[PDB]
Structures are given as C-alpha cells and as structure tokens.
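Q: Following this message is one structure expressed as structure tokens.
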Amino acid sequence: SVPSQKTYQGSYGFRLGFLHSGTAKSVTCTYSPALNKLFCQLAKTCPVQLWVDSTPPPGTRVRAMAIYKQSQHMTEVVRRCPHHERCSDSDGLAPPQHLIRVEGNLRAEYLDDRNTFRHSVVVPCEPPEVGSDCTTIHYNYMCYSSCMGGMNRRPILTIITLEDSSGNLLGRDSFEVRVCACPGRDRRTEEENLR
Ligand SMILES: O=C(Nc1cc(Cl)ccc1O)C1CCNCC1
Ligand SMILES: [Zn+2]
C-alpha cells in the first residue's frame with residue numbers, strides 16, 4: 001500500500017515551516033518554496049518548523065516517513081542502500097536501515113511497520129519555549145538520492161504527520177527531498193529549469 005500525502009491542516013491548523021538559507025555553494029540544507037523541495041547534504045541537520053493555530057493535547061506526536069514520489073515506485077519501501085546500512089554510523093537509537101533520523105531527541109522512537117514494512121521516526125510534541133511561536137525538529141537524511149541499490153536517483157517525498165496518542169491522524173504536510181553534495185547549486189538549477 002501507499003501512505004497518503006494529502007495536505008491536511010486538521011483542527012489545530014498544522015503545517016510545516018522552513019528557514020531561509022539561501023543558495024550559496026557552501027550551504028548544507030536549503031528549502032525551495034517554488035518546488036516544495038528540500039535540498040540537503042548527507043547526514044546534515046535539517047531544521048523543520050512545526051506550526052499550529054492552537055495547541056494540541058498532551059501526548060500528541062509527530063511522525064516522519066519517506067515514500068518514492070513516482071507512481072511506479074510508490075509501493076517500494078524507502079530504505080538505506082546496501083553500503084550505508086552497514087557503515088556503523090548508528091547513534092544508538094536509529095536502526096541502521098532507516099533513511100530518516102531525528103537528531104538530538106532521546107524520546108525519538110523508530111518504527112518498522114509489522115504490516116507495510118515501511119520505516120518511520122516519531123517524537124512527542126512539546127509546546128514552544130518561552131518567546132517562540134513554533135517548535136523545530138532536526139532531521140537527518142542518511143543516504144544520497146543517488147545511492148546505488150537504494151534510492152538510486154529516484155526522488156522521494158517526506159510525509160510529516162501530526163498524530164494523537166493512539167496514532168490517529170490530526171494533520172499532514174509533505175515536501176520533496178534531494179540528498180546531494182551541493183544543495184545550493186542543485187536548488188538554483190532546478191528552480192531555473194522550472195522557470
Ligand atoms: O502551541 C503552539 N504551537 C505549537 C505547539 C506544539 Cl505542541 C507543537 C508545535 C507548535 O508550533 C502555538 C503557541 C502560540 N499560539 C498558537 C499555538
Ligand atoms: Zn547510501
């Protein structure tokens with residue numbers, strides 16, 4: 001089966017936000033609003049903001065999952081390639097097969113779905129710190145889009161879901177991701193191509 005990617009703000013007005021990082025050749029993570037696409041280097045911090053109109057209940061969680069973007073591949077589980085799943089770069093919490101990790105959250109939980117076999121990582125939501133109006137989650141992508149025997153140059157989407165304590169849907173958003181050596185250049189190129 002294939003997880004839904006339908007944008008759904010839900011009762012709390014859930015949506016993502018991204019920093020404005022620019023397209024300098026030295027940039028490690030940059031987001032294109034025109035393409036709804038994140039470009040990032042391997043295993044580098046990707047800040048993603050979580051916005052709501054009103055505070056959800058205690059016990060609310062936020063889950064990230066990757067799927068292939070192209071319909072002929074959507075049924076295939078997105079996983080790390082045969083090289084990176086064996087390179088012993090574990091943080092002690094993420095299974096070595098998972099593409100997406102959460103950085104710096106000891107309450108992160110990693111799921112291997114007993115039925116779909118798809119991978120995801122989920123963390124508890126906490127309301128914003130004093131003075132701030134949103135929260136930020138830091139993601140890492142642990143394979144290149146180009147990795148042979150893995151994503152193999154196929155585009156992926158990240159689906160972010162806001163869930164209640166049972167895992168029921170409260171909200172959903174998504175963005176395309178390219179994990180690459182030069183995010184600044186590739187963003188500039190793809191935005192030019194779109195023009
Ligand atoms: O509660 C809020 N945000 C928020 C809460 C949680 Cl649990 C997770 C991510 C968030 O962005 C704002 C606080 C200011 N008034 C509107 C609601
Ligand atoms: Zn790889």
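Ligands are numbered from 1 in the order shown, chains are lettered A, B, ... in the order of the structure tokens, and residues start at 1 in each chain.
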7 Å from ligand 1 is the threshold here; counting only C-alpha atoms and all ligand atoms, which polymer residues fall inside it? Answer as a ChimeraX atom specification.

A: /A:50-56,125-128,133-135

Q: Give me the residues of chain A that have any atom at most 6 Å from an atom of ligand 2; for each, the nearest atom pair and the distance in Å, rounded to one decimal. Use only C-alpha atoms and all ligand atoms, sort by chain and number, and format it as a Markdown table.

A:
```
| residue | atom | partner | partner_atom_place_in_ligand_line | distance |
| --- | --- | --- | --- | --- |
| A:80 | CA | ligand 2 | 1 (Zn) | 5.5 |
| A:81 | CA | ligand 2 | 1 (Zn) | 4.3 |
| A:83 | CA | ligand 2 | 1 (Zn) | 5.8 |
| A:84 | CA | ligand 2 | 1 (Zn) | 4.5 |
| A:143 | CA | ligand 2 | 1 (Zn) | 3.9 |
| A:144 | CA | ligand 2 | 1 (Zn) | 5.4 |
| A:147 | CA | ligand 2 | 1 (Zn) | 4.6 |
```

Q: Within 12 Å of residue 172 of chain A, counting only C-alpha atoms, which residues show up once you throw out same-chain ones fewer than 4 positions away? Write them as a list in words, please.

A: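 Here the qualifying residues turn out to be residues 3, 4, 5, 6, 7, 8, 9, 10, 11, 12, 13, 14, 15, 16, 50, 51, 52, 61, 62, 63, 64, 65, 158, 159, 160, 161, 162, 163 and 168 of chain A.
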
Q: Can I get the selected residues back with N, CA and C atoms, as a compact mmCIF listing (two decimals), in the first residue's frame?

A:
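Dumped everything to result17.txt:
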```txt
# COMPACT_ATOMS: atom_id res chain seq x y z
N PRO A 3 1.12 5.23 1.73
CA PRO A 3 0.65 6.26 2.66
C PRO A 3 0.12 7.50 1.94
N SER A 4 -0.93 8.10 2.48
CA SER A 4 -1.46 9.33 1.90
C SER A 4 -0.43 10.46 2.00
N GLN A 5 -0.44 11.36 1.02
CA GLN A 5 0.40 12.55 1.06
C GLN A 5 -0.45 13.82 0.98
N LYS A 6 -1.75 13.66 1.19
CA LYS A 6 -2.68 14.79 1.10
C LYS A 6 -2.46 15.81 2.22
N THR A 7 -2.22 17.07 1.86
CA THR A 7 -2.08 18.12 2.86
C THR A 7 -3.39 18.25 3.63
N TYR A 8 -3.28 18.25 4.96
CA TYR A 8 -4.43 18.29 5.86
C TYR A 8 -4.09 19.09 7.12
N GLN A 9 -4.60 20.31 7.24
CA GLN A 9 -4.25 21.09 8.43
C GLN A 9 -4.94 20.57 9.69
N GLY A 10 -6.15 20.05 9.54
CA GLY A 10 -6.86 19.50 10.67
C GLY A 10 -7.32 20.56 11.66
N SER A 11 -7.79 20.12 12.82
CA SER A 11 -8.41 21.01 13.80
C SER A 11 -7.44 22.00 14.42
N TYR A 12 -6.15 21.66 14.42
CA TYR A 12 -5.18 22.53 15.06
C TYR A 12 -4.44 23.46 14.10
N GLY A 13 -4.76 23.37 12.81
CA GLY A 13 -4.12 24.19 11.80
C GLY A 13 -2.64 23.87 11.63
N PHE A 14 -2.33 22.58 11.57
CA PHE A 14 -0.96 22.10 11.43
C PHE A 14 -0.34 22.33 10.05
N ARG A 15 0.87 22.88 10.03
CA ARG A 15 1.65 22.98 8.79
C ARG A 15 3.12 23.14 9.13
N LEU A 16 3.99 22.85 8.17
CA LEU A 16 5.43 22.99 8.37
C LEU A 16 5.93 24.39 8.04
N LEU A 50 7.45 23.28 13.10
CA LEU A 50 6.10 22.77 13.27
C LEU A 50 5.22 23.91 13.78
N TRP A 51 4.24 24.30 12.97
CA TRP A 51 3.31 25.37 13.29
C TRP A 51 1.88 24.89 13.50
N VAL A 52 1.21 25.44 14.51
CA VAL A 52 -0.22 25.20 14.66
C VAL A 52 -0.92 26.49 15.06
N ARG A 61 1.94 13.49 18.95
CA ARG A 61 3.27 13.18 18.42
C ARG A 61 3.39 13.62 16.96
N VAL A 62 4.62 13.64 16.46
CA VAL A 62 4.84 13.99 15.06
C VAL A 62 5.75 12.94 14.43
N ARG A 63 5.29 12.40 13.31
CA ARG A 63 5.98 11.29 12.64
C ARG A 63 6.51 11.71 11.28
N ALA A 64 7.68 11.21 10.91
CA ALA A 64 8.24 11.41 9.56
C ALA A 64 8.43 10.06 8.86
N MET A 65 8.08 10.03 7.58
CA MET A 65 8.19 8.83 6.74
C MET A 65 8.53 9.26 5.31
N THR A 158 9.06 13.43 1.82
CA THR A 158 8.90 13.20 3.25
C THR A 158 7.49 13.59 3.63
N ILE A 159 6.80 12.70 4.33
CA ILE A 159 5.46 12.96 4.83
C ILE A 159 5.54 13.17 6.33
N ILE A 160 5.06 14.32 6.79
CA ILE A 160 5.07 14.60 8.21
C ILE A 160 3.64 14.55 8.71
N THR A 161 3.39 13.70 9.70
CA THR A 161 2.04 13.63 10.24
C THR A 161 1.99 13.97 11.72
N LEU A 162 0.96 14.74 12.07
CA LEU A 162 0.64 15.06 13.45
C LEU A 162 -0.34 13.98 13.88
N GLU A 163 -0.06 13.30 15.00
CA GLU A 163 -0.86 12.16 15.45
C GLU A 163 -1.30 12.32 16.90
N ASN A 168 -3.70 8.13 15.62
CA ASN A 168 -4.70 8.63 14.68
C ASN A 168 -4.27 9.96 14.06
```

Q: Can you list, as a compact mmCIF listing (two decimals) with N, CA, C and O atoms, in the first residue's frame, every protein, DNA or RNA residue that comes within 12 Å of residue 107 of chain A when you count only C-alpha atoms, leaving out same-chain residues fewer than 3 positions away?

A:
```
# COMPACT_ATOMS: atom_id res chain seq x y z
N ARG A 61 1.94 13.49 18.95
CA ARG A 61 3.27 13.18 18.42
C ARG A 61 3.39 13.62 16.96
O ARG A 61 2.38 13.93 16.31
N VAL A 62 4.62 13.64 16.46
CA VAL A 62 4.84 13.99 15.06
C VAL A 62 5.75 12.94 14.43
O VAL A 62 6.83 12.63 14.95
N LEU A 93 20.19 4.70 18.62
CA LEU A 93 18.74 4.68 18.68
C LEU A 93 18.11 4.32 17.34
O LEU A 93 17.21 3.48 17.26
N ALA A 94 18.58 4.96 16.27
CA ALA A 94 18.06 4.68 14.94
C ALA A 94 18.56 3.33 14.42
O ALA A 94 19.75 3.04 14.47
N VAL A 102 15.87 11.45 13.62
CA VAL A 102 15.73 12.69 14.38
C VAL A 102 16.99 12.91 15.20
O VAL A 102 17.49 12.02 15.88
N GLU A 103 17.54 14.11 15.09
CA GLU A 103 18.75 14.48 15.80
C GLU A 103 18.45 15.09 17.17
O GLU A 103 17.55 15.91 17.30
N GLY A 104 19.20 14.68 18.18
CA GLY A 104 19.13 15.29 19.49
C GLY A 104 17.79 15.23 20.22
O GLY A 104 17.40 16.18 20.89
N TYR A 110 11.62 4.73 16.73
CA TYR A 110 11.72 4.30 15.34
C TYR A 110 10.85 3.09 15.12
O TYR A 110 10.93 2.11 15.87
N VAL A 121 10.00 7.63 11.94
CA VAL A 121 10.52 8.05 13.24
C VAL A 121 9.53 9.04 13.84
O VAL A 121 9.04 9.92 13.15
N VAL A 122 9.21 8.85 15.12
CA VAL A 122 8.20 9.69 15.75
C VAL A 122 8.71 10.26 17.09
O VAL A 122 9.44 9.59 17.85
N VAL A 123 8.36 11.51 17.37
CA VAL A 123 8.75 12.14 18.63
C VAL A 123 7.54 12.79 19.26
O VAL A 123 6.57 13.14 18.58
N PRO A 124 7.57 12.93 20.58
CA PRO A 124 6.47 13.64 21.23
C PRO A 124 6.49 15.12 20.88
O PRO A 124 7.56 15.71 20.70
N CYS A 125 5.32 15.72 20.77
CA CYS A 125 5.24 17.16 20.63
C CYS A 125 5.32 17.82 22.00
O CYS A 125 4.76 17.32 22.99
N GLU A 126 6.02 18.94 22.05
CA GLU A 126 6.01 19.79 23.22
C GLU A 126 5.72 21.19 22.69
O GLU A 126 6.17 21.54 21.60
```

Q: How many Å separate atom CA of residue 41 of chain A from atom CA of residue 141 of chain A?

A: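 Those two atoms sit 7.9 Å apart.
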
Q: At a cut-off of 12 Å, can you tabulate as a Markdown table every residue of segment 97-190 of chain A near segment 17-22 of chain A together with its closest atom pair and the distance in Å to one decimal, using only C-alpha atoms and ordering rows by chain then number?

A:
```
| residue | atom | partner | partner_atom | distance |
| --- | --- | --- | --- | --- |
| A:133 | CA | A:17 | CA | 11.6 |
| A:134 | CA | A:17 | CA | 9.0 |
| A:135 | CA | A:17 | CA | 9.7 |
| A:136 | CA | A:17 | CA | 8.8 |
| A:137 | CA | A:17 | CA | 10.5 |
| A:138 | CA | A:18 | CA | 11.3 |
| A:160 | CA | A:17 | CA | 11.6 |
| A:173 | CA | A:17 | CA | 10.1 |
| A:174 | CA | A:17 | CA | 10.7 |
| A:175 | CA | A:18 | CA | 10.6 |
| A:183 | CA | A:22 | CA | 9.9 |
| A:184 | CA | A:22 | CA | 7.2 |
| A:185 | CA | A:22 | CA | 10.3 |
| A:186 | CA | A:22 | CA | 11.9 |
| A:187 | CA | A:22 | CA | 9.4 |
| A:188 | CA | A:22 | CA | 9.5 |
```

Q: Apply DSSP to the backbone of this structure and, from chain A, keep only the residues in helix (DSSP H, G or I); write these as a PyMOL selection string.

A: chain A and resi 84-86+183-194

Q: Output the selection as an mmCIF file, in the first residue's frame - N, CA and C atoms for each residue.

A:
```cif
data_model
loop_
_atom_site.group_PDB
_atom_site.id
_atom_site.type_symbol
_atom_site.label_atom_id
_atom_site.label_comp_id
_atom_site.auth_asym_id
_atom_site.auth_seq_id
_atom_site.Cartn_x
_atom_site.Cartn_y
_atom_site.Cartn_z
ATOM 1 N N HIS A 84 25.286 1.994 2.973
ATOM 2 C CA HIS A 84 25.115 2.840 4.153
ATOM 3 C C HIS A 84 24.432 2.089 5.297
ATOM 4 N N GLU A 85 23.653 1.045 5.000
ATOM 5 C CA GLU A 85 23.002 0.327 6.095
ATOM 6 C C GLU A 85 24.042 -0.457 6.908
ATOM 7 N N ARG A 86 25.247 -0.605 6.354
ATOM 8 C CA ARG A 86 26.325 -1.352 7.012
ATOM 9 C C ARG A 86 27.513 -0.505 7.478
ATOM 10 N N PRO A 183 23.685 21.191 -2.378
ATOM 11 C CA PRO A 183 22.282 21.632 -2.318
ATOM 12 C C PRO A 183 22.031 23.011 -2.926
ATOM 13 N N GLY A 184 22.927 23.961 -2.679
ATOM 14 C CA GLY A 184 22.775 25.308 -3.201
ATOM 15 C C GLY A 184 22.713 25.333 -4.718
ATOM 16 N N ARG A 185 23.648 24.634 -5.353
ATOM 17 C CA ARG A 185 23.701 24.562 -6.806
ATOM 18 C C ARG A 185 22.505 23.821 -7.378
ATOM 19 N N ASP A 186 22.144 22.699 -6.765
ATOM 20 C CA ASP A 186 21.053 21.912 -7.321
ATOM 21 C C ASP A 186 19.725 22.651 -7.179
ATOM 22 N N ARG A 187 19.528 23.354 -6.066
ATOM 23 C CA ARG A 187 18.320 24.159 -5.919
ATOM 24 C C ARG A 187 18.251 25.215 -7.019
ATOM 25 N N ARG A 188 19.339 25.961 -7.199
ATOM 26 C CA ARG A 188 19.391 27.014 -8.222
ATOM 27 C C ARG A 188 19.082 26.458 -9.616
ATOM 28 N N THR A 189 19.678 25.315 -9.934
ATOM 29 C CA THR A 189 19.456 24.636 -11.205
ATOM 30 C C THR A 189 17.995 24.231 -11.400
ATOM 31 N N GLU A 190 17.423 23.534 -10.423
ATOM 32 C CA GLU A 190 16.052 23.057 -10.565
ATOM 33 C C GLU A 190 15.061 24.211 -10.615
ATOM 34 N N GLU A 191 15.356 25.293 -9.902
ATOM 35 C CA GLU A 191 14.480 26.457 -9.925
ATOM 36 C C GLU A 191 14.583 27.158 -11.276
ATOM 37 N N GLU A 192 15.776 27.144 -11.858
ATOM 38 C CA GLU A 192 15.962 27.669 -13.209
ATOM 39 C C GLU A 192 15.205 26.814 -14.226
ATOM 40 N N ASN A 193 15.376 25.497 -14.153
ATOM 41 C CA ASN A 193 14.646 24.583 -15.030
ATOM 42 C C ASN A 193 13.138 24.806 -14.986
ATOM 43 N N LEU A 194 12.612 25.072 -13.793
ATOM 44 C CA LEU A 194 11.184 25.315 -13.619
ATOM 45 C C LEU A 194 10.767 26.625 -14.286
#
```

Q: Looking only at the backbone, which of the residues in segment 5-188 of chain A does DSSP tag as strand (DSSP E or B), as a short mmCIF file (atom, residue, chain, number, x, y, z; two decimals) with N, CA, C and O atoms, in the first residue's frame?

A:
```cif
data_model
loop_
_atom_site.label_atom_id
_atom_site.label_comp_id
_atom_site.auth_asym_id
_atom_site.auth_seq_id
_atom_site.Cartn_x
_atom_site.Cartn_y
_atom_site.Cartn_z
N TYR A 8 -3.28 18.25 4.96
CA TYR A 8 -4.43 18.29 5.86
C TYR A 8 -4.09 19.09 7.12
O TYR A 8 -3.34 18.61 7.97
N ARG A 15 0.87 22.88 10.03
CA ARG A 15 1.65 22.98 8.79
C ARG A 15 3.12 23.14 9.13
O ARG A 15 3.46 23.51 10.25
N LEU A 16 3.99 22.85 8.17
CA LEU A 16 5.43 22.99 8.37
C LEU A 16 5.93 24.39 8.04
O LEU A 16 5.23 25.18 7.40
N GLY A 17 7.15 24.67 8.48
CA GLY A 17 7.84 25.88 8.08
C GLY A 17 9.31 25.58 7.86
O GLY A 17 9.85 24.66 8.46
N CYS A 29 21.84 22.80 3.74
CA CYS A 29 20.43 22.47 3.73
C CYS A 29 19.68 23.73 3.29
O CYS A 29 19.87 24.81 3.86
N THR A 30 18.87 23.60 2.25
CA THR A 30 18.14 24.76 1.75
C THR A 30 16.81 24.31 1.16
O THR A 30 16.71 23.26 0.54
N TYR A 31 15.77 25.11 1.40
CA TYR A 31 14.42 24.76 1.00
C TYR A 31 13.91 25.68 -0.10
O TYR A 31 14.05 26.89 -0.01
N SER A 32 13.31 25.07 -1.12
CA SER A 32 12.71 25.78 -2.25
C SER A 32 11.20 25.82 -2.13
O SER A 32 10.53 24.80 -2.32
N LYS A 37 10.51 21.67 -2.17
CA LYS A 37 11.58 20.68 -2.15
C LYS A 37 12.75 21.12 -1.27
O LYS A 37 13.25 22.25 -1.39
N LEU A 38 13.17 20.21 -0.40
CA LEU A 38 14.34 20.40 0.46
C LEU A 38 15.56 19.77 -0.20
O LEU A 38 15.48 18.63 -0.66
N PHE A 39 16.66 20.52 -0.25
CA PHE A 39 17.95 20.02 -0.74
C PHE A 39 18.92 19.98 0.43
O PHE A 39 19.12 20.99 1.10
N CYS A 40 19.53 18.83 0.69
CA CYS A 40 20.41 18.76 1.84
C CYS A 40 21.60 17.84 1.59
O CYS A 40 21.53 16.95 0.75
N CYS A 46 18.75 19.16 9.28
CA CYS A 46 17.68 19.78 8.51
C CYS A 46 16.61 20.28 9.44
O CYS A 46 15.78 19.49 9.91
N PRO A 47 16.62 21.58 9.74
CA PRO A 47 15.60 22.12 10.64
C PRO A 47 14.25 22.24 9.94
O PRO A 47 14.17 22.80 8.85
N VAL A 48 13.22 21.71 10.57
CA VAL A 48 11.86 21.78 10.05
C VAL A 48 10.97 22.32 11.16
O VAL A 48 10.91 21.74 12.25
N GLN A 49 10.29 23.42 10.89
CA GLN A 49 9.41 24.02 11.89
C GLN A 49 8.04 23.37 11.90
O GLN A 49 7.52 22.99 10.86
N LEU A 50 7.45 23.28 13.10
CA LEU A 50 6.10 22.77 13.27
C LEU A 50 5.22 23.91 13.78
O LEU A 50 5.46 24.43 14.86
N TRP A 51 4.24 24.30 12.97
CA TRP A 51 3.31 25.37 13.29
C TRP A 51 1.88 24.89 13.50
O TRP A 51 1.38 24.06 12.74
N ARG A 61 1.94 13.49 18.95
CA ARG A 61 3.27 13.18 18.42
C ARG A 61 3.39 13.62 16.96
O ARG A 61 2.38 13.93 16.31
N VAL A 62 4.62 13.64 16.46
CA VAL A 62 4.84 13.99 15.06
C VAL A 62 5.75 12.94 14.43
O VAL A 62 6.83 12.63 14.95
N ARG A 63 5.29 12.40 13.31
CA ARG A 63 5.98 11.29 12.64
C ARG A 63 6.51 11.71 11.28
O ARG A 63 5.86 12.49 10.58
N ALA A 64 7.68 11.21 10.91
CA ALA A 64 8.24 11.41 9.56
C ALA A 64 8.43 10.06 8.86
O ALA A 64 8.89 9.10 9.48
N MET A 65 8.08 10.03 7.58
CA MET A 65 8.19 8.83 6.74
C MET A 65 8.53 9.26 5.31
O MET A 65 8.03 10.28 4.82
N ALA A 66 9.38 8.49 4.64
CA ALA A 66 9.69 8.76 3.25
C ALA A 66 8.98 7.77 2.33
O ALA A 66 8.88 6.58 2.65
N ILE A 67 8.49 8.26 1.20
CA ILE A 67 7.99 7.41 0.12
C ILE A 67 8.59 7.86 -1.21
O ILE A 67 8.98 9.03 -1.36
N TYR A 68 8.66 6.96 -2.19
CA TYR A 68 9.03 7.38 -3.53
C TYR A 68 7.94 8.24 -4.15
O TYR A 68 6.75 8.00 -3.96
N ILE A 100 15.60 8.21 7.53
CA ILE A 100 15.37 9.45 8.28
C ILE A 100 15.62 9.27 9.76
O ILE A 100 15.03 8.38 10.38
N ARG A 101 16.49 10.11 10.32
CA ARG A 101 16.71 10.15 11.76
C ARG A 101 16.27 11.48 12.35
O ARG A 101 16.29 12.52 11.67
N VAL A 102 15.87 11.45 13.62
CA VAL A 102 15.73 12.69 14.38
C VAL A 102 16.99 12.91 15.20
O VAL A 102 17.49 12.02 15.88
N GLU A 109 11.31 7.65 18.70
CA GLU A 109 11.02 6.23 18.54
C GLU A 109 11.03 5.88 17.05
O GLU A 109 10.54 6.64 16.21
N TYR A 110 11.62 4.73 16.73
CA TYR A 110 11.72 4.30 15.34
C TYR A 110 10.85 3.09 15.12
O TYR A 110 10.93 2.11 15.87
N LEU A 111 10.02 3.16 14.09
CA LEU A 111 9.07 2.09 13.82
C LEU A 111 9.40 1.36 12.52
O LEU A 111 9.65 1.98 11.49
N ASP A 112 9.39 0.03 12.60
CA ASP A 112 9.32 -0.82 11.43
C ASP A 112 7.93 -1.44 11.41
O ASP A 112 7.63 -2.31 12.22
N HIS A 119 9.42 2.35 7.18
CA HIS A 119 10.14 2.89 8.32
C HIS A 119 9.59 4.26 8.68
O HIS A 119 9.19 5.01 7.80
N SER A 120 9.61 4.61 9.96
CA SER A 120 9.26 5.99 10.32
C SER A 120 9.90 6.34 11.64
O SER A 120 10.31 5.45 12.39
N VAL A 121 10.00 7.63 11.94
CA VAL A 121 10.52 8.05 13.24
C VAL A 121 9.53 9.04 13.84
O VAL A 121 9.04 9.92 13.15
N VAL A 122 9.21 8.85 15.12
CA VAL A 122 8.20 9.69 15.75
C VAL A 122 8.71 10.26 17.09
O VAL A 122 9.44 9.59 17.85
N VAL A 123 8.36 11.51 17.37
CA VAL A 123 8.75 12.14 18.63
C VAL A 123 7.54 12.79 19.26
O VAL A 123 6.57 13.14 18.58
N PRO A 124 7.57 12.93 20.58
CA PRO A 124 6.47 13.64 21.23
C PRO A 124 6.49 15.12 20.88
O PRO A 124 7.56 15.71 20.70
N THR A 135 7.79 25.22 17.17
CA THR A 135 8.88 24.33 17.58
C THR A 135 9.63 23.86 16.35
O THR A 135 9.13 23.97 15.22
N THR A 136 10.83 23.34 16.56
CA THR A 136 11.64 22.89 15.45
C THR A 136 12.11 21.48 15.71
O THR A 136 12.48 21.12 16.84
N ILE A 137 12.04 20.66 14.68
CA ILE A 137 12.58 19.30 14.73
C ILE A 137 13.78 19.24 13.80
O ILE A 137 13.76 19.84 12.73
N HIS A 138 14.82 18.55 14.22
CA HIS A 138 16.01 18.44 13.38
C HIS A 138 16.10 17.06 12.76
O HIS A 138 16.24 16.07 13.46
N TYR A 139 16.00 16.99 11.44
CA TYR A 139 16.07 15.71 10.76
C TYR A 139 17.43 15.50 10.11
O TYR A 139 18.12 16.45 9.76
N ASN A 140 17.82 14.23 9.94
CA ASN A 140 19.00 13.88 9.13
C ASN A 140 18.59 12.88 8.08
O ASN A 140 17.84 11.95 8.40
N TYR A 141 19.08 13.03 6.85
CA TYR A 141 18.86 12.02 5.80
C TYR A 141 20.17 11.26 5.57
O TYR A 141 21.21 11.87 5.32
N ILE A 156 12.25 11.29 -3.69
CA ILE A 156 11.39 10.87 -2.59
C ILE A 156 10.64 12.07 -2.01
O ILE A 156 11.00 13.24 -2.22
N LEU A 157 9.56 11.77 -1.29
CA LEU A 157 8.85 12.76 -0.50
C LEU A 157 9.01 12.41 0.96
O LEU A 157 9.07 11.23 1.31
N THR A 158 9.06 13.43 1.82
CA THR A 158 8.90 13.20 3.25
C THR A 158 7.49 13.59 3.63
O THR A 158 7.02 14.68 3.27
N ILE A 159 6.80 12.70 4.33
CA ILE A 159 5.46 12.96 4.83
C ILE A 159 5.54 13.17 6.33
O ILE A 159 6.04 12.30 7.06
N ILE A 160 5.06 14.32 6.79
CA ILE A 160 5.07 14.60 8.21
C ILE A 160 3.64 14.55 8.71
O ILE A 160 2.78 15.27 8.20
N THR A 161 3.39 13.70 9.70
CA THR A 161 2.04 13.63 10.24
C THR A 161 1.99 13.97 11.72
O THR A 161 2.86 13.60 12.51
N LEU A 162 0.96 14.74 12.07
CA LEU A 162 0.64 15.06 13.45
C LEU A 162 -0.34 13.98 13.88
O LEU A 162 -1.30 13.72 13.17
N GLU A 163 -0.06 13.30 15.00
CA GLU A 163 -0.86 12.16 15.45
C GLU A 163 -1.30 12.32 16.90
O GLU A 163 -0.59 12.92 17.71
N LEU A 169 -4.72 10.20 12.84
CA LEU A 169 -4.35 11.40 12.09
C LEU A 169 -4.94 12.68 12.66
O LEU A 169 -6.15 12.77 12.85
N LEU A 170 -4.09 13.68 12.92
CA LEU A 170 -4.56 15.01 13.29
C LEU A 170 -4.24 16.04 12.21
O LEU A 170 -4.96 17.02 12.06
N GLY A 171 -3.15 15.82 11.48
CA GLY A 171 -2.70 16.78 10.49
C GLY A 171 -1.63 16.15 9.62
O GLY A 171 -0.99 15.19 10.05
N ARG A 172 -1.44 16.66 8.41
CA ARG A 172 -0.44 16.12 7.50
C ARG A 172 0.14 17.21 6.58
O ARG A 172 -0.59 18.08 6.11
N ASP A 173 1.44 17.14 6.34
CA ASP A 173 2.11 18.01 5.39
C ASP A 173 3.22 17.19 4.73
O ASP A 173 3.51 16.06 5.15
N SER A 174 3.83 17.72 3.68
CA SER A 174 4.86 16.96 2.97
C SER A 174 5.76 17.85 2.13
O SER A 174 5.42 18.99 1.84
N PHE A 175 6.91 17.32 1.74
CA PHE A 175 7.85 18.05 0.90
C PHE A 175 8.74 17.03 0.19
O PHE A 175 9.01 15.96 0.72
N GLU A 176 9.16 17.37 -1.03
CA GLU A 176 10.12 16.54 -1.76
C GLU A 176 11.51 16.74 -1.16
O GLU A 176 11.79 17.80 -0.60
N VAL A 177 12.38 15.74 -1.26
CA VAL A 177 13.74 15.85 -0.73
C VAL A 177 14.75 15.37 -1.76
O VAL A 177 14.52 14.37 -2.42
N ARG A 178 15.84 16.11 -1.91
CA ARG A 178 17.01 15.62 -2.64
C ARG A 178 18.22 15.69 -1.73
O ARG A 178 18.57 16.78 -1.24
N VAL A 179 18.84 14.54 -1.49
CA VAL A 179 20.04 14.48 -0.68
C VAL A 179 21.22 14.42 -1.64
O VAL A 179 21.34 13.48 -2.42
#
```

Q: Near residue 154 of chain A, within 8 Å and counting only C-alpha atoms, which residues show up once chain neighbours fewer than 4 positions away are dropped, as a list in words?

A: residues 68, 69, 70, 145 and 146 of chain A

Q: When you count only C-alpha atoms, which of these residues is closest to residue 79 of chain A: A:118, A:25, A:153, A:44?

A: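 Of the candidates, the smallest distance to residue 79 of chain A is held by A:118.
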
Q: Name the closest residue to residue 195 of chain A among the candidates A:73, A:95, A:34, A:60; distances are taken between atoms, counting only C-alpha atoms.

A: A:34

Q: Can you measure atom CA of residue 42 of chain A to atom CA of residue 152 of chain A for me? One decimal in Å is fine.

A: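 It comes out at 14.6 Å.
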